[PDB]
Amino acid sequence: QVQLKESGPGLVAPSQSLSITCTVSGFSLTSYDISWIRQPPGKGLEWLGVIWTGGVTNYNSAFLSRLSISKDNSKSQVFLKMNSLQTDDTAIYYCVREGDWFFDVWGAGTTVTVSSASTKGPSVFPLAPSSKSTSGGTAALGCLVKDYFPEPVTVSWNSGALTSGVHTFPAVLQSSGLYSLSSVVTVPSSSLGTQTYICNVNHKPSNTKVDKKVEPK
Amino acid sequence: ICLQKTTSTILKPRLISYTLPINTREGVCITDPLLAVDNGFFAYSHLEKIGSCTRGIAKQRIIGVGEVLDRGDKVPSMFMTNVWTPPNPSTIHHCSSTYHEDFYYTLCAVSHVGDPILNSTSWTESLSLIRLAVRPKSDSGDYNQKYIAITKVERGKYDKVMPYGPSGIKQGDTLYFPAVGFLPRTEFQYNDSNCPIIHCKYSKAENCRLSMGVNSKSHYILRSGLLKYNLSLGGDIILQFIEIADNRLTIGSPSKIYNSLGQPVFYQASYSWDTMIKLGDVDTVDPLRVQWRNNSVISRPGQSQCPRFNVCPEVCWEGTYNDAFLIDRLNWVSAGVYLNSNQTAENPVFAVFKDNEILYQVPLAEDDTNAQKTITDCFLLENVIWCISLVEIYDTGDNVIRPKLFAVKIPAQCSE
Amino acid sequence: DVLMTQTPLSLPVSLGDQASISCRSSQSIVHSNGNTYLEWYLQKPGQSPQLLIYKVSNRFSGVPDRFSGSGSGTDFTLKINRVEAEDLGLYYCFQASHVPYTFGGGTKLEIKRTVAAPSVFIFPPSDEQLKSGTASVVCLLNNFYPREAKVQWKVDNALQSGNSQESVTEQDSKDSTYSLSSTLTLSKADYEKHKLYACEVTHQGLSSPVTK
Ligand SMILES: *[C@@H]1O[C@H](CO[C@@H]2O[C@@H](C)[C@@H](O)[C@@H](O)[C@@H]2O)[C@@H](O[C@@H]2O[C@H](CO)[C@@H](O[C@@H]3O[C@H](CO)[C@@H](O)[C@H](O)[C@@H]3O)[C@H](O)[C@H]2NC(C)=O)[C@H](O)[C@H]1NC(C)=O
Ligand SMILES: *[C@@H]1O[C@H](CO)[C@@H](O[C@@H]2O[C@H](CO)[C@@H](O[C@@H]3O[C@H](CO)[C@@H](O)[C@H](O)[C@@H]3O)[C@H](O)[C@H]2NC(C)=O)[C@H](O)[C@H]1NC(C)=O
Ligand SMILES: *[C@@H]1O[C@H](CO[C@@H]2O[C@@H](C)[C@@H](O)[C@@H](O)[C@@H]2O)[C@@H](O[C@@H]2O[C@H](CO)[C@@H](O)[C@H](O)[C@H]2NC(C)=O)[C@H](O)[C@H]1NC(C)=O
Ligand SMILES: *[C@@H]1O[C@H](CO)[C@@H](O[C@@H]2O[C@H](CO)[C@@H](O)[C@H](O)[C@H]2NC(C)=O)[C@H](O)[C@H]1NC(C)=O
Ligand SMILES: *[C@@H]1O[C@H](CO)[C@@H](O[C@@H]2O[C@H](CO)[C@@H](O)[C@H](O)[C@H]2NC(C)=O)[C@H](O)[C@H]1NC(C)=O
């Protein structure tokens, strides 16, 4: 039922504007106030602003010079615009449904990176289950997603069929300026050769969708 | 009455709120305000919520009547004589009040599904009426306060009807309330060719019909009109729904009907694509028809797709109720409070204006102040013209909106 | 302009215990309405925050009764007794009483557990990858509780300088155990030059096990 989805550019050049659109489903904007909240890399959540049903908008005074929030009740949408965006501002931006001065429902979040460099697509290479590992115990296999500049990335096994024993590690910045991460899964070692395992990689800012299957010789 | 354009500020507004029951110290949200002024009497109402304005613990709703008399500074103020409190404040919605013969009749919708506009399909129409004696007798009986559930509503083709405006008129012994009718869009008949997109580059032909609902896929459309209530008849009160004509129609929206200088005038809120002010004398009441003035200077903060000064049809449901009252008919000068923001509710300004010109105006608050609903009623006191405006204003200290009442004396002399 | 300060930056705690987090406000947090609008939010790992407590002590619907909140003046404490594995992540306190709306620094709750030893796996560079001309070898440690672990890379019996980078996950919600991957990135020529690549792990649960 209730949902909030944000579409964001992913990448914004320094001293340039950010535009995010929140599409709400399951309720009317006329009956709930909507706030915009952001969390930077390690810093606590910070409250950007609120738009009432009537159209009354209140902002955090810190951002008042360059921040504005509007909405479209008919299209069930809420808009955030920020100007003169700088390095400080890279963060996760959340669209949030307000209740009695509390936030009951949060949007998934959009991750916005402020950098001059352009986006880059990830390369997905399989990490093959070890030929050594046998005996009906636990074998290990994975993907290694490499060289993607926009920070957000998403991996699912068999379009979400497998959720058990999966570990997707935090990305790490390489010296080159590109992120690389590893996603791994543990499977029954008797399953090798019988079951097929597919690595679903989604990189939204470059709109790269990759599907890879990891198999031993 | 001044009739000359000027930029020197000849308008000095005075704060009269302090006589009415509004407590700044509590921090309560005061919303759904109602102001009506007729024949030296007034009706006021609000809903007082603890907490968030749009979603907060409903604390009390009050409906009161009293006399509008000079304070003693020659400035009018409002003094209640009679106050009524519903037992269950969550239920009462969309009050609308009209005056007749030392009673003042206020007509409410009763809802257990919240605001009927928003929860339209789930609501079963329940209308009720509260009449309050403006000059209360002692232990007289039903006269000081009478409550009535209204059983017979004549709504014709319309599926449900509800009062939907602040104040209304009387003609003889018959009362007319501003109201709205919900009609299922399958029943709604509209020739899309009527919709004017000639110089509107971006607007499709069907947008006007779609804009009759809150959503393009909405189950109902909203048509403004009146509810007529004849006191001369006996038995159970019967309310009849009169629909507005299709000349220059827009989505049914909060609307006000009032008598000025003998004749009735009508104001309808712009919550749709046409942002320009809609108000005029009414040719006929029972076949309701209004002669909208072709006004080109006053509009409503539009918040996105339908911004201020938009004339092009678009699908949107957004705006605020900001009304005006007609001080002179020969020149058709009118007085009202408007918000000078293209996309946001801010900068409330009181103005005296004509169809294509703003004669003179004064701002009621600082440039940051957020404001929403403005209600203006003018009357004549001690052979001088006075206008009372109610403005919903926002307090930074409590993130709450509370109403403020100004008295402004229209000036006979422009120079000073 | 109202500062929210949480006292324990990390709180480590075992299952069945009681956890207490404190929030202190720079100034009085009481509204004109007289209600105090202090809320407690939980952000589980890889998820958006979720509200737990509103108006100091009231539990948001669906929040179990063991979560408890209380406060006086400028001091507020949230108590989770009978801690469970599900309950780990970041806990925030927030105030809506004053117009700038301000949140806490955060508190990360860490669940103490019996020591568990990693299972170690090594992954050779793929054939597709070396066509690009860079080769990467991946060592994985899986499901070990004590977070501290040492990974050393030895390439043909050669110890590693910083040719490697490591990533560690959040505490698993189910069994409270970490997992780690250390990747060694090399130019293609070096990988061709030597035949032995090895991952030597050091953890309390083991005694210097090595793979390949
Ligand atoms: C508040 O909004 C008004 C009206 O907005 C106008 O109509 C809307 C539906 C949108 O299309 C807006 O983008 C559009 O501006 C603004 O007033 C208008 O501003 C312009 C530019 O300052 C004025 O210049 C005109 O420009 C047009 C197009 O070139 C010419 O055809 C005209 O001859 C004239 O040169 C225009 O006169 C003015 N109109 C009115 C009625 O005021 C207004 O600027 C805006 N205010 C703020 C603070 O943004
Ligand atoms: C308009 O009012 C109606 C009537 O109150 C609302 O419809 C439904 O009302 C019931 C309660 O009478 C709600 O039921 C509850 O649902 C939750 C799960 O959502 C469940 O946990 C409870 O046990 C109970 O069944 C229901 O939520 C509510 N909504 C719907 C879609 O059925 C309606 O929500 C109101 N909507 C508006 C726009 O005001
Ligand atoms: C409001 O009602 C009056 C009175 O209605 C009359 O008495 C009722 C009990 C019922 O029997 C009605 O049908 C009666 O008409 C209306 O006044 C009447 O108007 C007609 C118009 O032709 C006139 O012939 C009658 O004499 C009037 N009766 C009076 C004045 O007592 C009045 O018209 C109704 N209001 C409106 C707006 O029409
Ligand atoms: C809506 O009304 C318009 C009138 O402006 C109709 O348009 C034309 O009406 C004339 C009447 O003499 C006809 O001769 C034309 O054939 C109509 N169409 C055109 C394109 O000129 C229009 O028909 C009406 N809507 C519908 C659905 O009939
Ligand atoms: C607003 O403008 C219209 C168009 O001029 C006026 O409408 C009049 O009546 C018909 C429209 O069906 C036209 O043929 C007339 O020429 C119009 N002119 C006049 C002077 O009435 C309308 O009168 C204008 N303003 C009002 C009624 O306040």
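Sequence lines, in order, name chains B, E and C. Heads up, the first sequence is in the authors' numbering, so the first residue is 1 and it goes up one at a time. Heads up, the second sequence is in the authors' numbering, so the first residue is 188 and it goes up one at a time. Heads up, the third sequence is in the authors' numbering, so the first residue is 1 and it goes up one at a time. Note that CB positions come from ideal geometry on N, CA and C, so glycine has one too.
#1: Using a beta-carbon distance below 7 Å, is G160 of chain B in contact with chain C?
#2: Taking 6 Å as the cut-off, is the CB of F540 of chain E close to at least one heavy atom of ligand 1?
#3: Residues around ligand 3, please: the condition is that the C-beta lies closer than 5 Å to some non-hydrogen atom of it.
#4: Could you work out which residue in B:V78, B:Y197, B:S183 is closest to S7 of chain B when comparing CA atoms only?
#5: Would you report the Cα separation of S131 of chain B and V137 of chain C, rounded to the nearest angstrom?
#6: Would you say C503 of chain E faces chain B, with C-beta separation under 7 Å as the test?
#7: Please check if any C-beta of chain E sits within less than 7 Å of the C-beta of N143 of chain C.
#8: Tell me the rounded alpha-carbon separation between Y101 of chain C and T308 of chain E.
#9: How many Å lie between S419 of chain E and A296 of chain E at the Cα?
#10: Listed in chain order, which residues are found with a beta carbon closer than 6 Å to a heavy atom of ligand 1?
#11: Once DSSP output is grouped into helix, strand and coil, what is the label at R396 of chain E?
#12: Take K44 of chain C and list the residues in its own chain whose beta-carbon comes closer than 6 Å to its own, dropping the five residues that flank it on each side.
#13: So which residues of chain B does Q27 of chain C contact, with C-beta pairs closer than 8 Å?
#14: Kindly list the residues whose CB is nearer than 7 Å to the CB of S57 of chain C, restricted to its own chain and excluding five residues on each side of it in sequence; keep chain order.
#15: State yes or no: is the C-beta of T561 of chain E within less than 7 Å of the C-beta of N497 of chain E?
#16: The beta strand (DSSP E) spanning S447 of chain E covers which residue range?
#17: Buried or exposed: where does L52 of chain C fall if 16 or more other Cβ atoms within 10 Å of its Cβ makes it buried?
#18: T57 of chain B touches chain E at which residues, Cβ-Cβ below 7 Å?
#19: Does DSSP put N381 of chain E in a helix, a strand or coil?
#20: I'd like to confirm something about residue 644 of chain E: is its beta-carbon nearer than 6 Å to some heavy atom of ligand 2, or not?
#21: Does the separation of the CB atoms of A135 of chain C and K188 of chain C fall below 7 Å?
#22: Does any residue of chain C have a CB that is nearer than 7 Å to the CB of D104 of chain B?
#23: Excluding sequence positions up to five away, which residues of its chain have a Cβ less than 6 Å from the Cβ of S182 of chain C?
#24: What does the shell around ligand 5 hold, if a residue joins when its beta-carbon is under 6 Å from any heavy atom?
#25: Would you mind telling me which residues of chain C sit closer than 8 Å to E213 of chain E, beta carbon to beta carbon, in chain order?
#26: May I have a chain-ordered list of the beta strand (DSSP E) segments no shorter than 3 residues that lie completely inside the stretch 435–513 of chain E?
#27: If you drop the 5 nearest sequence neighbours on each side, which residues of the same chain put their C-beta closer than 6 Å to that of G343 of chain E?
#28: So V99 of chain C contacts chain E; which residues on that side make the cut at Cβ distance below 7 Å?
#29: Quick one: any contact between the stretch 188–196 of chain E and the stretch 169–179 of chain B, if contact means 3 or more CB pairs under 8 Å?
#30: Does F266 of chain E pass the burial test, meaning 16 or more other C-beta atoms within 10 Å, or should it be called exposed?
#31: Quick one: using the 10 Å Cβ neighbour count with 16 as the cut-off for buried, is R82 of chain C buried or exposed?
#32: CB-CB under 6 Å to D360 of chain E, same chain, minus the five flanking residues each way: which ones, in chain order?
#33: Taking three-plus beta-carbon pairs below 8 Å as touching, is the stretch 106–114 of chain B in contact with the stretch 8–28 of chain B?
#34: Residues of chain C with a CB under 9 Å from the CB of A140 of chain B: which are they?
#35: Mind checking whether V115 of chain C and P146 of chain C have CB atoms under 7 Å apart?
#36: Looking at the secondary structure, which residues open and close the beta strand (DSSP E) in which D582 of chain E lies?
Inspection of the coordinates gives the following:
#1: Here residue 160 of chain B is taken as the residue at index 160 of the first sequence, counted from 1. Not closer than 7 Å to any Cβ of chain C, the Cβ of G160 of chain B fails to qualify, so no.
#2: Position 353 of the second sequence holds residue 540 of chain E. No, ligand 1 has no heavy atom inside 6 Å of this Cβ.
#3: Those residues, listed in chain order, are E:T361, E:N417, E:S419.
#4: Your numbering for residue 7 of chain B matches position 7 in the first sequence. Residue B:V78 is the option with its Cα nearest to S7 of chain B.
#5: Residue numbering aside, residue 131 of chain B sits at position 131 when the first sequence is read from its first letter. Residue numbering aside, residue 137 of chain C sits at position 137 when the third sequence is read from its first letter. Straight-line Cα distance between these residues: approximately 16 Å.
#6: Counted from its first residue, the second sequence places residue 503 of chain E at position 316. Closer than 7 Å: yes.
#7: As a position in the third sequence, residue 143 of chain C is number 143, starting the count at 1. Taking CB atoms only, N143 of chain C has no neighbour in chain E less than 7 Å away.
#8: Within the third sequence, the letter at position 101 stands for residue 101 of chain C. Within the second sequence, the letter at position 121 stands for residue 308 of chain E. Each residue's alpha carbon lies about 37 Å from the other.
#9: Here residue 419 of chain E corresponds to residue number 232 of the second sequence, with the count starting at 1. Here residue 296 of chain E corresponds to residue number 109 of the second sequence, with the count starting at 1. Those two C-alpha atoms are separated by around 23 Å.
#10: Output, sorted by chain position: E:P494, E:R495, E:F496, E:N497, E:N529.
#11: For the purposes of this step, residue 396 of chain E is identified with residue 209 of the second sequence, where counting begins at 1. Helix.
#12: Residue numbering aside, residue 44 of chain C sits at position 44 when the third sequence is read from its first letter. Hits under 6 Å: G89.
#13: Along the third sequence, one-based indexing puts residue 27 of chain C at 27. Here the premise fails: no neighbours, minimum Cβ distance about 16 Å.
#14: Indexing the third sequence from 1 puts residue 57 of chain C at position 57. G69, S70.
#15: In the second sequence, the residue the question calls residue 561 of chain E occupies position 374. In the second sequence, the residue the question calls residue 497 of chain E occupies position 310. Result no, Cβ atoms of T561 of chain E and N497 of chain E do not sit closer than 7 Å.
#16: By 1-based counting over the second sequence, the position of residue 447 of chain E is 260. Counting along the chain, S447 of chain E sits inside the beta strand (DSSP E) bounded by residues 442–447.
#17: For this step, residue 52 of chain C is matched to residue 52 along the third sequence. Label assigned to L52 of chain C: buried.
#18: For the purposes of this step, residue 57 of chain B is taken as the residue at position 57 of the first sequence. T531, listed in chain order.
#19: Here residue 381 of chain E refers to the residue found at position 194 when the second sequence is read from its first residue. If DSSP states are grouped into helix, strand and coil, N381 of chain E belongs with the helices.
#20: Because chain E is modelled from 188 through 603, residue 644 of chain E falls outside the range shown and cannot be assessed.
#21: Counting from one through the third sequence, the residue named residue 135 of chain C turns up at place 135. Counting from one through the third sequence, the residue named residue 188 of chain C turns up at place 188. Cβ distance < 7 Å, so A135 of chain C and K188 of chain C count as in contact.
#22: Sequence index remark: in the first sequence, residue 104 of chain B carries index 104 (1-based). Yes, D104 of chain B counts as interfacial toward chain C.
#23: The sequence position of residue 182 of chain C within the third sequence is 182, counting from 1. Excluding sequence neighbours, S182 of chain C sits near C139, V151, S164, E166.
#24: Checking every Cβ against the heavy atoms of ligand 5 under 6 Å gives E:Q478, E:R480, E:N481.
#25: Position 26 of the second sequence, counted from the start, is the residue given in the question as residue 213 of chain E. Near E213 of chain E (Cβ distances below 8 Å), the residues of chain C are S32, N33.
#26: Taking only runs of at least 3 residues, the beta strand (DSSP E) segments lying wholly in the stretch 435–513 of chain E are 442–447, 450–455, 465–471.
#27: The sequence position of residue 343 of chain E within the second sequence is 156, counting from 1. Cβ within range, chain order: n/a, list empty.
#28: By one-based count along the third sequence, residue 99 of chain C stands at place 99. The contacting residues are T583, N586.
#29: With a cut-off of 8 Å on Cβ pairs, the stretch 188–196 of chain E is not in contact with the stretch 169–179 of chain B, counting fewer than three such pairs.
#30: Counted from its first residue, the second sequence places residue 266 of chain E at position 79. Burial call: exposed.
#31: Start at 1 with the first residue of the third sequence, and residue 82 of chain C comes out as number 82. Per the 10 Å Cβ criterion, exposed.
#32: As a position in the second sequence, residue 360 of chain E is number 173, starting the count at 1. Excluding sequence neighbours, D360 of chain E sits near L418, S419.
#33: Cβ pair count under 8 Å is three or more, so yes.
#34: As a position in the first sequence, residue 140 of chain B is number 140, starting the count at 1. Chain order gives the chain C residues near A140 of chain B as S119, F121, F123, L140, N142, where near means a beta carbon separation below 9 Å.
#35: As a first step, residue 115 of chain C is located in the third sequence; it is residue number 115 there, counting from the start. As a first step, residue 146 of chain C is located in the third sequence; it is residue number 146 there, counting from the start. The answer is yes: Cβ separation under 7 Å.
#36: As a working mapping, residue 582 of chain E is identified with position 395 in the second sequence. Taken as a continuous stretch (DSSP letters only), the beta strand (DSSP E) holding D582 of chain E covers 571–582.
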